[PDB]
Structure formats: C-alpha cells, structure tokens
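Look below for two forms of one protein chain, each set out as structure tokens: first structure 1, then structure 2.
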Structure 1
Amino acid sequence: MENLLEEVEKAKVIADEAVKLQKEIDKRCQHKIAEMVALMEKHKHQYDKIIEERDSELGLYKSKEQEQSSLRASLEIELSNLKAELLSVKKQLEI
C-alpha cells in the first residue's frame, strides 16, 4: 500500500524537476531575445545619430560648393577677359 504513496511521491518529484527545467529553458530563450533586442536598439540609435547629423553636413556642404562654383565662375571670366585683352594687343601690334 506504500507502493501507491511512493509512486505519487515520484510523480511529484518528476513534475517538479520537469517544471524547473522548463523554466530554465524558457528563461534562457527570453534572455537571448532580450539581448538581441538590445543590440538592435543600439544599432538603430546609431543610425538615427548619423542620419540626423547628415542634414547639418549638407548645410555646410552647400555653403562650400557655392563658394567653389563662384570661384570657377571667376576663373572662367578671368581667362576670358585675358584672352580678349590679348586679342586686342595683338591687333594693336598688327598695326
């Protein structure tokens, strides 16, 4: 009759060990998901930082490219004015 009592005790112990082991498995999987979510968050914030910086970057880039284009315009006008004054002196000498 202690047969049944011992068998119910084994049922209890088996159930307990199975439940604790499944809790361990579950927890480990949850922690993996947590750490991957955190890594993704970190990367996402870094990309946000870069994309927010690029607007100020473009403002500065626009200022500099405008100055660059103005310089090219000046250089072209100057080589043209020079070629013109040379065409003038050449004919003054043709006299």
Structure 2
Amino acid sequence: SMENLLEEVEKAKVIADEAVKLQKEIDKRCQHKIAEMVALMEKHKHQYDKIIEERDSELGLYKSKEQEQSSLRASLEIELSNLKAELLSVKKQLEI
C-alpha cells in the first residue's frame, strides 16, 4: 500500500504538470488571438484617422470650386434672361 501511495503522489504531480502545461498553451493561444484582433483594429483606426483628417482640405477645395460653379450658373441664367429682354426690345422696335 505504501508503494501504491507513492505511485499516487507521482501520478498526481504528473497530472498537475500536464494540466499546467496544457492550460499555458490555451492561455497563450487566447492572448495571441486577442493581440491579433487588437492589432488589426489599430491599423484600421489609423487609416480612418488619415481619411477623416484629409476631409478638411478636401472640403476647402470643394467649397472654392463650388462657389466658382455657382458663379458660372448665375451668370448663365442672367445671360439668357438679358437675351430675352433685348429680344423683346427688338420685337417692339420691329412693330414700327
């Protein structure tokens, strides 16, 4: 029974060794997965920061060109209206 008792202590500490080793593999794999996901989030975070920051200068350029475009549009409408008015003048002159 003494031999069996020492055998039981040996078996127990072997089981503890394997349990700790396996749990270390599990923990390392888990933290590895967390690290990969946070890494991907970091990269994406930085790219979005880049695009968000560029939107300011891009919006300034857009506003400049959009003002110039509103100028061209108003000019065309006014040109066509003036055309109509001078045509009216010509027509009433031709009534003579």
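Each form is matched to the other, and the largest set of C-alpha atoms that superpose within 1.5 Å is called the rigid core. Each residue is numbered by where it sits in the sequence of structure 1, with counting from 1.
With the core fitted between structures 1 and 2, just one of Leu86, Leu71, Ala11, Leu79 shows a Cα displacement of at least 2 Å, namely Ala11. The shift recorded for the CA atom of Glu24 between structures 1 and 2 is 1.1 Å, with superposition on the rigid core.
Core-superposed comparison between structures 1 and 2: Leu60 shows a Cα shift of 0.7 Å.
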